[PDB]
Structures are given as C-alpha cells and as structure tokens.
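> Residues in the sequence shown are numbered from 139 upward in steps of one, following PDB author numbering. Just so you know, even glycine gets a beta-carbon here, dropped at the ideal spot from N, CA and C.
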Amino acid sequence: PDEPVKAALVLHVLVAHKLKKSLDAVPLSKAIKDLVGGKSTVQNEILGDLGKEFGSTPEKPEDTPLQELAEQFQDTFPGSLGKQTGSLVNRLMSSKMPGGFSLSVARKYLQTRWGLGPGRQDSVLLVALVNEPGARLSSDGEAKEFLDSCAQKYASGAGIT
Numbered sequence: 139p140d141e142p143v144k145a146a147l148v149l150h151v152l153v154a155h156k157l158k159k160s161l162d163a164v165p166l167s168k169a170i171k172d173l174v175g176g177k178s179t180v181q182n183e184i185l186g187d188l189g190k191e192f193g194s195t196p197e198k199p200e201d202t203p204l205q206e207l208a209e210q211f212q213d214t215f216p217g218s219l220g221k222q223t224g225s226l227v228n229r230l231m232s233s234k235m236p237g238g239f240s241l242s243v244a245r246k247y248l249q250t251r252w253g254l255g256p257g258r259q260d261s262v263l264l265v266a267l268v269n270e271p272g273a274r275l276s277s278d279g280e281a282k283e284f285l286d287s288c289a290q291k292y293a294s295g296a297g298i299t
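#1: Suppose you measure from the CA of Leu152 to the CA of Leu207; what does that come to, to the nearest Å?
#2: Can you tell me whether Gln249 is helix, strand or coil according to DSSP?
#3: Could you check the C-alpha separation between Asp286 and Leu226 for me, to the nearest Å?
#4: Does the pairing of the stretch 218–235 with the stretch 249–259 give three or more beta-carbon distances under 8 Å?
#5: On the criterion of 16 or more Cβ atoms from any shown chain inside 10 Å, does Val243 qualify as buried, or is it exposed?
#6: Let's see if you can read the secondary structure: which residues bound the alpha helix (DSSP H) around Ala208?
#7: Taking all protein chains shown into account, do 16 or more other C-beta atoms lie within 10 angstroms of the C-beta of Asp201, making it buried, or fewer, making it exposed?
#8: In three-state DSSP terms, what is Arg229?
#9: In three-state DSSP terms, what is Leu267?
#10: Using alpha carbons as the reference points, say which of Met235, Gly186, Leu267 and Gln249 lies closest to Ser276.
#11: For a test of the three-state rule: what should DSSP assign to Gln222, helix, strand or coil?
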C-alpha cells in the first residue's frame, strides 16, 4: 500500500493554500499567471515556494498548467519532506492544535488508528493544511474529527480503507 508522494499531492496543495481556495475550486488545468489574476505579488510568491527545495527552479514557470509542471518534476522529486513547503505543516501543528500536539503524537495516531505508513503520512498532513480550523482546537479530542476527516478525504484518492 505504501508509495511515496506525488507532486500533484504536495504542490497542487500548496498553490491552493495561497489563494485560500478549495481543491476542486482551482481549475487545475491552466497556468499560474492566469490563475491569480493580475495581482503580480502572489504570482512572484507562488514561484517563491515552488523554488525552495524542489531542484530549485524549472526551465520556465509560466508556461505549464498544474499537471504539466509536475510531469516534468517527477524525475527530479525524490519524495522529500519539504524544507519550507513542509514547514507550513508545523505552522498548523503549533498554532491551531492544543498543547502537547507536535508531530510526534500526530504521526503515531495516523498509523495506530487508520494505518497509512510513513510514505503516505506526508500526504495526509497536506489535506489537513488545505482545511485548517479558524481557531485553535480547544481539546486533544478535537483531533478526532479534524484529523480523522483528513484521512476520509485521503480515501477519495487511492481509497485503501
């Protein structure tokens, strides 16, 4: 069941996080310059977080849509955690979660309750990153409806259990 991350599960997530939009809400099949409109600050900031650890920069950003970037990047993507792509995960993990909820106790619960594996537990924090709560969760038991619903949206992908 275990397989590494696809760039359409790690970087299509990130460009939906900057627009504060949903997964189906972006058209997914058009270029970055046409996505944001004419804001021209987030457009240079999308290439800011698309160029940190990711073999940093492609041959040209604004010619490919959100798939046709990633089909080029699969031979360059080693299945990394993310330096500051994956640091937005820790931002959710400290600002919106109760006291005593760093990534040690979370990654235990993703395996010992549902069963995902470390190759698939990267791609379930990112579907937690697109739907963040508006406030910090006031109890440890609030991770039983927030974090469990991320694996149910992950069940709309490969669909294991």
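Considering the structure as presented:
#1: 14 Å
#2: helix
#3: 19 Å
#4: no
#5: exposed
#6: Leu204 to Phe211
#7: exposed
#8: helix
#9: helix
#10: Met235
#11: coil
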